[PDB]
């Protein structure tokens, strides 16, 4: 519906708090082919209540996460001063959620069937099974999307979309807040449109120069550290289902989740009983645990989920895994999972070397024993991107944007998903400021911490950056 060239966004009330307005923006699928296929990006806008500086455009990360949904969430925790001075704007990146066309690969049944599998058998036969499933997944993506849209969903094109959004909002310069993956949008935008950046907050950092395997292993270490902090906390509390000795927590954890796999056939699930018909598979138990380690706000749920497992029940861990997968109460998945893969697979060269992948699994098992089953087998499956039918549109490199205004990178000391040091490195590459938050969670801005939010508010409004060494 949105007209292919700079037709202004037609705003209409969303059908929802704060007089929110909604509209669509047309962008070209291929920027080298502006008369070609068009994508329609969905936008949400919460008008400022005071003297408007401009729009605060956010991205929640993922990739594959809806910026409209995140804006609705952020609206509730937005500081009064930011609400006064900025229109809060969310957008769904190309291919995500309400934007069109939307990346779709799996049916709801495809996803359910995969989650029912233990996903633990890394024998040659098990690796072949996983890689066959992966090839069929990629075939489904190609069949539903076509190679042309898949080729162009990457962050390099999201950054160009973002400048079109800036201009469509009437802003001369971009004020931007990005979480996790959204800091790759931020630094890509910073490199291509440095003269358009008014202000940037980047919470939970992606280092675009990282080696993909070492970044994955650092992420594995981040989740093991988070697991360790969760379990040492749990050990102080009565009835801790992992026990009172945190040196034994990984062992006790495996005594609870390992029985969900048939000990004589690793392909056979023995799911824990739930009220849901699915029951709790081993793979969903791990995924639900990973979900809970995103925030101490979810640690009570992990404790509930593990206490249930003592009695061979799995309802809370299943619900946590559903939250991770974004499967709603009617069994419908949103498209975040499929979009996340399709975007990740074009944002850098995939790992295709079998030895590197096998060595990565050998190391991951030692770095993060909570989420590995049994023993190293000598084999491991290639990731989905090794089979991707469309080439990368970005290459790892250190951010180089010399004219860029000072920016703020927020980094949490025991962030499991984007570890602390990645924020230090990103702030170094941007020559920006590093704001430290001491905690065991992924992201922190506009999530209840006045110390963080006061720094962010002063930067968004006055351009003031935190002093060197600032901590919250």
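Numbering follows the first chain given and starts at 1.
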One third of the other compared structures is the cut-off here: is residue 456 left unmodelled in that many or more?
no
Find out whether the coordinates of residue 16 are absent in at least a third of the other compared PDB entries of the same protein.
yes
If I compare the deposited sequence with the modelled residues, how many are absent between residue 15 and residue 16: none, 1 to 3, 4 to 9, or 10 or more?
4 to 9
Stretch exceeding the other in mean C-alpha B-factor - 79-87, 131-139
79-87
The stretch carrying the higher mean Cα B factor in the deposited entry, 17-25 or 451-459, is 17-25
From the entry's CA B-factor values, the highest among 111, 224, 289, 312 is 312
Quick one: which of 263, 396, 118, 381 has the biggest Cα B-factor according to the entry?
263
In terms of the chain's CA B-factor thirds, is residue 146 lowest, middle or highest?
highest
Position of residue 388 among the chain's modelled residues by C-alpha B-factor, lowest, middle or highest third:
middle
Going by what the PDB entry lists, where does residue 318 fall on CA B-factor within its chain: lowest, middle or highest third?
lowest
Relative C-alpha B-factor of residue 206, binned into the chain's lowest, middle or highest third
lowest
Looking at the C-alpha B-factor of residue 70, is it in the lowest, middle or highest third of its chain?
middle
